[PDB]
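See below for the structure under consideration.
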Amino acid sequence: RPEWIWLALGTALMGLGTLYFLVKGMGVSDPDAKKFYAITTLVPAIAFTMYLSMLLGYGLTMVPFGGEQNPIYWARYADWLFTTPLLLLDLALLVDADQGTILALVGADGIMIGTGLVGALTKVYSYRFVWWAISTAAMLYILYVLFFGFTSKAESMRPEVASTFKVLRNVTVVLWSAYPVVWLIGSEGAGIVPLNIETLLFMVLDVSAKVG
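Numbered according to PDB author numbering, the sequence shown spans residues 7 to 218.
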């Protein structure tokens with residue numbers, strides 16, 4: 007579809023989603039609350055607010071041809087930090103204080119999803135490549151922190167069991183088996199072919215970054 011899944015879904019349908027998580031996700035009334043389910047609107051804010059601000063903002067691909075090497079469409083400094091790893095799991099709602107959570111999982115974020123965007127450039131070299139693909143030389147060990155987990159929430163009073171993890175982690179090991187690959191063929195990037203593989207394919211899965 008895109009346009010009008012890039013820029014209709016998003017803004018005008020995943021906002022409608024985000025009018026909102028919350029018009030009601032708990033809040034009781036309004037969610038600073040909380041730290042679950044999440045964050046409500048801080049991920050669903052930092053997911054509508056960009057995919058608005060970084061929606062136009064975000065249109066198609068531009069910056070490489072203008073000056074700076076990449077950031078609109080791959081924001082991804084407001085699509086994969088934010089939303090996405092302000093909730094992949096967490097990565098920054100939990101970011102707890104209490105040290106098991108933490109920088110194992112900021113280990114996943116500013117470490118190996120930061121290094122997963124600081125990770126799509128250098129546009130040669132390196133850093134294109136096995137820094138993001140070193141992240142997926144870790145998104146297997148670390149995925150088997152969350153696949154050691156969550157056959158291991160030794161840190162609640164709940165089998166979340168199939169009911170949230172077998173959801174998320176299969177969404178991960180499918181829509182992030184299709185969150186590292188078709189951004190070769192969603193611009194590795196080169197400069198930039200149809201352009202349709204590009205972003206029009208890719209952005210079917212931008213959806214997943216917003217929610218689901």
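The C-beta atom is built at its ideal place from N, Cα and C for all residues, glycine as well.
As a quick exercise: from the options, pick the residue whose alpha carbon is nearest that of residue i.
i	options	result
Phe88	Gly31, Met163 and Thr47	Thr47
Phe208	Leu149, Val199, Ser141 and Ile191	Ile191
residue 295	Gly106, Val173 and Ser193	Nothing can be reported for residue 295: it is not among the residues displayed for the chain, which extend from 7 to 218.
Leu66	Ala81, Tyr133 and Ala168	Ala81
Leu149	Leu22, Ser132, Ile45 and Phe171	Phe171
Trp189	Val199, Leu201 and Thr205	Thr205
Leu174	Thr90, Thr24, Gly116 and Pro8	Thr90
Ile52	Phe153, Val112 and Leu28	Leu28
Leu99	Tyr43, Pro200 and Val69	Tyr43
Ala196	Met145, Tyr131, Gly155 and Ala160	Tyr131
So residue i packs on residue j, CB below 8 Å; how close in whole Å?
i	j	result
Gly218	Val151	22 Å between Cβ atoms; not a contact.
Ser141	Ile108	Wrong, their Cβ atoms sit about 18 Å apart, outside the cutoff.
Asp85	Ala215	5 Å
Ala114	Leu94	7 Å
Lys40	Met32	7 Å
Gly116	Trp138	In fact, because the Cβ distance is near 14 Å, the residues do not count as touching under 8 Å.
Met20	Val213	7 Å
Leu92	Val49	5 Å
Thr17	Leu61	6 Å
Quick check on residue i - is its C-beta less than 8 Å from some C-beta in chain B?
i	result
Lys159	Of the protein chains in this structure there is only one, and it is not chain B.
Inter-stretch contact (C-beta, 8 Å, three-pair minimum) for the stretch 120-136 and the stretch 72-86: With a cut-off of 8 Å on Cβ pairs, the stretch 120-136 is in contact with the stretch 72-86, counting three or more such pairs.
Inter-stretch contact at 8 Å, needing at least 3 Cβ pairs: the stretch 12-20 / the stretch 44-59: Yes, since at least three Cβ pairs between the stretch 12-20 and the stretch 44-59 fall closer than 8 Å, the two stretches touch.
Stretch-stretch touch, CB-based, cutoff 8 Å, three pairs: the stretch 179-186 with the stretch 158-169: Cβ pair count under 8 Å is below three, so no.
Every unbroken alpha helix (DSSP H) within the stretch 113-161, with a cutoff of 4 residues, ordered by chain: Entirely contained in the stretch 113-161, the alpha helix (DSSP H) runs reaching 4 residues are, in chain order, 138-141 and 149-152.
4-residue-minimum alpha helix (DSSP H) runs that sit fully inside the stretch 163-192, ordered along the chain: Correct list: 173-181.
Minimum length 3: unbroken beta strand (DSSP E) runs contained in the stretch 38-123: Qualifying beta strand (DSSP E) stretches: none in this window.
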